Amino acid sequence: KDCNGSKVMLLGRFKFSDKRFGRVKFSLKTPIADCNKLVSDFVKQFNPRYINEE
RNA sequence: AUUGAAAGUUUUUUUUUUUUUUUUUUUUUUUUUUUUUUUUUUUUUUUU
């Protein structure tokens, strides 16, 4: 939902059989494009199933 | 049936010889097998 900050994502070799391995987050370094309106449109059109990452 | 007649114009002789339809005469002169086409798309080096 937030353009200026992402959630935590599982990625790497071990991300299920471990707690301290496979926790990464994304961020925009050049937010030069309007993004919040785009995210709002996407969630208002498709209504994606929000999920949480252990 | 004569004045009154009975006789092959016949035998014999090669139209033959000499002489290459011959010499010269390149089926060649030219014409680009080119021309448009991305070896491309899909796939988390990974779990009890």
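Here are a few things to note about the model shown:
- Net charge of neighbours whose Cβ lies under 15 Å from the Cβ of A:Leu38, counting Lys and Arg as +1 and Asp and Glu as -1: 0
- Charge sum, other residues only, whose C-beta stays under 14 Å from A:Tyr50's C-beta, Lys/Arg counted +1 and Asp/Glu -1: +2
- One decimal place: the segment A:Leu11-A:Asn36 gains 6.5 nm when fully extended, by the rule 0.36 nm per residue minus the C-alpha distance.
- Charge context of A:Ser27, other residues only, Cβ under 15 angstrom, K/R +1, D/E -1: +4
- Taking the Cα centre of chain A as origin and assigning +1 to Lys and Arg Cβ atoms and -1 to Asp and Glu Cβ atoms, the resulting dipole is close to 200 debye.
- Quick note on chain A: its Rg to Rh ratio, both from C-alpha atoms and Rh being the Kirkwood radius, is 1.06.
- Contact order for chain A, expressed relative to its length and based on alpha carbon pairs under 8 Å spaced 6+ residues apart, stands at 39 percent.
Every read-out reported here was derived from the displayed coordinates using simple, explicitly stated rules and does not represent laboratory data. Neighbour counts run over all protein chains shown; Cβ positions are idealised from the backbone, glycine included.
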